[PDB]
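A.B. asks: Below is one structure. I have some questions about it.
Protein chains: 4
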Amino acid sequence: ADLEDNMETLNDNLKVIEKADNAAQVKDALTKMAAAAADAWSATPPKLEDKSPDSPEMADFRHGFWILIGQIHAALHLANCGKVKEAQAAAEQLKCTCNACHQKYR
Amino acid sequence: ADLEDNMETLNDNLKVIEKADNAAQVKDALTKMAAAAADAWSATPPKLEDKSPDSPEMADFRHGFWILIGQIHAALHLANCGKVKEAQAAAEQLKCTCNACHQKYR
Amino acid sequence: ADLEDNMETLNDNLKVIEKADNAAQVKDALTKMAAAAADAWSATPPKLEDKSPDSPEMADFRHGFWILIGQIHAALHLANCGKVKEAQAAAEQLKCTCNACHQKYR
Amino acid sequence: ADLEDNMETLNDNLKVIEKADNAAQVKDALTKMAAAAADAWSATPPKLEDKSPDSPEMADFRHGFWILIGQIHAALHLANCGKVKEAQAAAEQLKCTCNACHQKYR
Ligand code: HEM
Ligand code: HEM
Ligand code: HEM
Ligand code: HEM
Ligand SMILES: [Zn+2]
Ligand SMILES: [Zn+2]
Ligand SMILES: [Zn+2]
Ligand SMILES: [Zn+2]
Ligand SMILES: [Zn+2]
Ligand SMILES: [Zn+2]
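Protein chains in written order, with the entry's author numbering: chain B, 1 to 106; chain B', 1 to 106; chain A, 1 to 106; chain A', 1 to 106. A prime marks a further copy of an entry chain.
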């Protein structure tokens with residue numbers, strides 16, 4: 001999917017996590033976020049169109065999706081324990097990774 | 001040291017990282033931050049004085065220092081590679097862990 | 001590719017890493033291992049044919065591939081620093097993750 | 001305590017974990033291993049007596065204790081979920097970190 005449509009599924013499943021009532025629903029939504037991030041990993045953002053795929057801005061942009069995937073995985077451990085409320089809080093914290101990359105490249 | 005004096009050394013070495021010129025100076029300051037966090041790990045904050053050491057607020061408060069120590073360690077890998085500028089950026093990102101705990105417990 | 005062919009590329013590239021002479025060759029071989037491990041992540045092993053895709057043996061089997069990939073990624077940082085020898089040593093340690101999963105499921 | 005006595009508590013508590021019957025006993029033994037590993041973090045091994053405290057053998061030696069501690073911590077999450085058997089299995093995998101460091105420095 002294009003970059004805009006991956007961002008949208010990331011933004012929508014964050015909201016779905018806030019309002020969830022059980023672990024299977026948190027699990028479902030985090031899984032969808034992981035696949036969206038993995039698909040986004042290979043795109044070129046508009047603000048970087050004139051750069052080389054080997055350029056440190058592109059390398060840094062890629063790596064931000066690898067950290068996000070790492071944080072979603074750790075949230076997935078807390079849903080499998082039954083510790084649902086912590087899982088929901090770790091999910092909200094993910095905004096930090098979102099904003100840090102938005103500041104440089106959105 | 002008391003909680004206030006550990007916070008102060010954490011706050012001061014963040015500023016020292018911004019303005020550093022080489023790897024040995026970033027290394028030095030991150031090391032100091034790690035020891036301050038490890039010393040803070042066992043304190044009771046004012047807003048939690050009436051709670052049991054086994055209580056989920058205390059357990060959650062402790063765990064926030066374990067994540068911070070984990071992030072400082074990863075910043076230390078980037079200073080040892082010579083990749084000084086990335087190390088400085090990972091350091092700024094640490095504010096997220098700072099604020100998230102401040103929101104609940106400062 | 002099938003599970004057998006993925007295991008064979010994993011096994012072959014371990015040997016190529018032992019005998020390498022520069023960082024580009026370590027990098028090339030590690031990259032091929034990551035892609036083999038990502039494809040294998042979605043297979044069903046023979047000894048598990050009679051189980052459900054949601055069953056804790058399957059979920060654990062998947063999870064062994066994620067750890068493998070995380071350790072291959074850290075080895076890739078060591079090759080990009082020019083620290084070739086340390087990279088080679090981190091590659092030999094991967095055997096622990098290979099053997100653990102073979103013990104339960106090969 | 002000295003390095004030898006720390007290794008002996010590490011070795012003893014591995015055996016206690018094998019033979020445990022409930023989560024409180026796994027928890028107790030893992031906790032004693034973490035503290036042994038934290039004390040050992042600042043020792044100098046005999047085979048390294050002639051080296052500088054800033055020397056890459058010493059820095060690598062220290063780093064093996066940090067990884068050990070990180071793997072003991074994750075095992076502690078598994079005991080607190082009530083997933084006792086998985087905890088026991090994660091404890092047996094620690095041998096990989098024990099052996100790797102023995103190969104270079106014992
Ligand atoms: C859960 C985390 C994230 C959320 C919820 C999120 C959300 C969004 C949203 C709602 C947009 C607006 C898209 C539109 O115009 O319809 C956007 C754009 C964008 N995001 Fe994210 N984002 C996240 C993480 C990231 C990360 C980690 C990166 C980089 C590594 C990133 C890079 C970008 C870029 C470059 C755009 C501009 C796209 C364009 O204008 O075509 N985002 N994001
Ligand atoms: C690098 C990260 C951090 C920085 C730079 C920082 C900075 C500060 C500063 C400047 C203060 C004001 C202290 C004063 O009154 O003189 C403070 C207070 C406090 N911080 Fe942090 N902090 C950090 C991380 C954390 C974390 C991770 C936690 C919890 C896990 C935390 C918990 C608190 C609490 C409870 C107070 C209130 C202390 C009191 O009023 O006695 N902080 N911090
Ligand atoms: C660098 C790491 C690894 C190496 C070098 C490796 C090597 C091998 C080799 C040589 C085989 C024999 C294939 C054949 O019959 O031709 C095999 C099979 C197998 N491996 Fe691995 N392996 C690795 C990691 C893993 C991991 C992480 C898992 C599980 C998460 C795994 C699961 C299996 C299974 C289930 C088989 C049996 C396949 C069958 O009989 O069809 N392996 N592996
Ligand atoms: C659960 C993990 C470990 C176990 C069970 C273990 C066990 C042992 C044992 C039984 C000894 C023999 C002590 C004696 O002579 O009485 C020993 C020595 C030693 N261990 Fe470990 N070990 C572990 C982890 C580590 C790690 C992570 C390191 C390094 C980072 C390490 C470094 C050493 C060294 C240097 C010695 C030699 C000490 C001397 O000769 O005085 N060990 N260990
Ligand atoms: Zn990385
Ligand atoms: Zn995991
Ligand atoms: Zn933890
Ligand atoms: Zn490390
Ligand atoms: Zn496939
Ligand atoms: Zn001591």
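Each residue gets a CB set at the ideal place from its N, CA and C atoms; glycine is no exception.
Taking 8 angstroms as the CB-CB cut-off, is A/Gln-25 touching chain A'?
C.D. replies: Cβ-Cβ to chain A' under 8 angstroms: no for A/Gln-25.
A.B. asks: Is B/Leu-14 a contact residue of ligand 1, with contact defined as CB to any heavy atom under 7 angstroms?
C.D. replies: It does: the Cβ of B/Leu-14 is within 7 angstroms (strictly closer) of some heavy atom of ligand 1.
A.B. asks: Run through DSSP, which three-state label would B'/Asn-99 get?
C.D. replies: Helix.
A.B. asks: Exposed or buried, what is B'/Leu-68 when buried is set at 16 or more other beta-carbons lying within 10 Å of its beta-carbon?
C.D. replies: Counting Cβ neighbours within 10 Å, B'/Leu-68 comes out buried, since at least 16 surround it.
A.B. asks: Do A/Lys-27 and A/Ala-90 come within 8 angstroms of each other at the CB atom, strictly closer than that value?
C.D. replies: No, the Cβ-Cβ distance between A/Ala-90 and A/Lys-27 is not below 8 angstroms.
A.B. asks: For B'/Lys-83 and B/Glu-57, I'd like the C-alpha separation in whole angstroms.
C.D. replies: Approximately 14 angstroms between the Cα atoms of the pair.
A.B. asks: Using CA coordinates, which residue listed in B/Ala-87, B/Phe-61 and B/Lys-51 is at the minimum distance from B/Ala-24?
C.D. replies: Closest option to B/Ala-24, Cα to Cα, is B/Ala-87.
A.B. asks: Using only the alpha-carbon positions, how far apart do B'/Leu-94 and B'/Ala-35 sit?
C.D. replies: Cα-Cα distance, rounded: 16 angstroms.
A.B. asks: Would you kindly work out how many angstroms separate the C-alpha atoms of A'/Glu-4 and A'/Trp-41, rounded to a whole number?
C.D. replies: The alpha-carbon atoms of A'/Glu-4 and A'/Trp-41 are separated by roughly 13 angstroms.
A.B. asks: Would DSSP call B'/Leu-94 helix, strand or coil?
C.D. replies: B'/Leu-94 falls in the coil class under three-state DSSP.
A.B. asks: Hey, which residues come within less than 6 angstroms of ligand 3, measuring from Cβ to any heavy atom, in chain order?
C.D. replies: With the cut-off at 6 angstroms, the residues found are A/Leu-3, A/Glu-4, A/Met-7, A/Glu-8, A/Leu-10, A/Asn-11, A/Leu-14, A/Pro-45, A/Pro-46, A/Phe-61, A/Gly-64, A/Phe-65, A/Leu-68, A/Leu-94, A/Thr-97, A/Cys-98, A/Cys-101, A/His-102, A/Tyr-105 and A/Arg-106.
A.B. asks: From B/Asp-12 to B/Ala-1, what distance separates their C-alpha atoms?
C.D. replies: So the alpha carbons of these two residues sit roughly 15 angstroms apart.
A.B. asks: Is there a C-beta anywhere in chain B' that falls below 8 angstroms from the one on B/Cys-96?
C.D. replies: Cβ-Cβ to chain B' under 8 angstroms: yes for B/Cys-96.
A.B. asks: Which of the three DSSP states is assigned to B/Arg-62 in this structure?
C.D. replies: In this structure, B/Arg-62 counts as helix in the three-state DSSP scheme.
A.B. asks: Leaving out the 5 sequence neighbours to the left and right, which residues in its chain are closer than 7 angstroms to A/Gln-103 when beta-carbon positions are compared?
C.D. replies: Taken in chain order, the list of residues that qualify is empty.
A.B. asks: Any C-beta of chain A sitting closer than 8 angstroms to the C-beta of A'/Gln-71?
C.D. replies: Not closer than 8 angstroms to any Cβ of chain A, the Cβ of A'/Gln-71 fails to qualify, so no.
A.B. asks: Cα-Cα, which of B'/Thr-44, B'/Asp-60, B'/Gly-70 and B'/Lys-47 is closest to B'/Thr-31?
C.D. replies: When only C-alpha atoms are compared, the closest one is B'/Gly-70.
A.B. asks: Apart from the five residues on each side of it in sequence, which residues of its chain come closer than 8 angstroms, Cβ to Cβ, to A/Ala-29?
C.D. replies: Closer than 8 angstroms at Cβ, skipping near neighbours: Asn-13, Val-16, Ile-17 and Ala-20.
A.B. asks: Does DSSP put B'/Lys-83 in a helix, a strand or coil?
C.D. replies: Residue state, collapsed to three classes: coil.
A.B. asks: By the criterion of Cβ-Cβ separation under 8 angstroms, what are the contact partners of A'/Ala-100 in chain A?
C.D. replies: Result: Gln-93.
A.B. asks: Please work out which residues of its chain come closer than 7 angstroms, Cβ to Cβ, to B'/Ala-75, disregarding the five sequence neighbours upstream and downstream, and give them in chain order.
C.D. replies: Once the five neighbours on either side are set aside, the close Cβ partners of B'/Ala-75 are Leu-30, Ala-87, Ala-90 and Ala-91.
A.B. asks: Distance check for B'/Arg-62 and B'/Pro-53, CA to CA, integer angstroms please.
C.D. replies: Computed Cα separation, rounded: 10 angstroms.
A.B. asks: So for A/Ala-43, helix, strand or coil by DSSP?
C.D. replies: Note: A/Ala-43 maps to coil in three-state DSSP.
A.B. asks: If you follow the alpha helix (DSSP H) that B'/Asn-13 is part of, which residue opens it and which one closes it?
C.D. replies: Residues 3-18.
A.B. asks: Which same chain residues, not among the five before or five after A'/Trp-66, have their C-beta less than 7 angstroms away from its C-beta?
C.D. replies: Hits under 7 angstroms: none found.
A.B. asks: Would DSSP call B'/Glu-57 helix, strand or coil?
C.D. replies: Three-state DSSP puts B'/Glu-57 in a helix.
A.B. asks: A'/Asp-50 to A'/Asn-6, Cα distance in whole Å?
C.D. replies: Roughly 22 angstroms separates the two Cα atoms.
A.B. asks: Ligand 5 heavy atoms versus the CB of residue 128 of chain B: any closer than 7 angstroms?
C.D. replies: Since the first residue of chain B shown is 1 and the last is 106, residue 128 of chain B is not available in this structure.
A.B. asks: According to DSSP, is A/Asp-50 part of a helix, a strand, or is it coil?
C.D. replies: DSSP places A/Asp-50 in coil when its eight states are reduced to three.
A.B. asks: Between A/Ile-72 and A/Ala-37, how many whole angstroms is the CB-CB distance? I'm expecting something under 8 angstroms.
C.D. replies: Right, their Cβ atoms sit about 7 angstroms apart.
A.B. asks: Between the C-alpha atoms of B'/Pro-45 and A/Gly-64, what's the straight-line distance to the nearest angstrom?
C.D. replies: About 40 angstroms.
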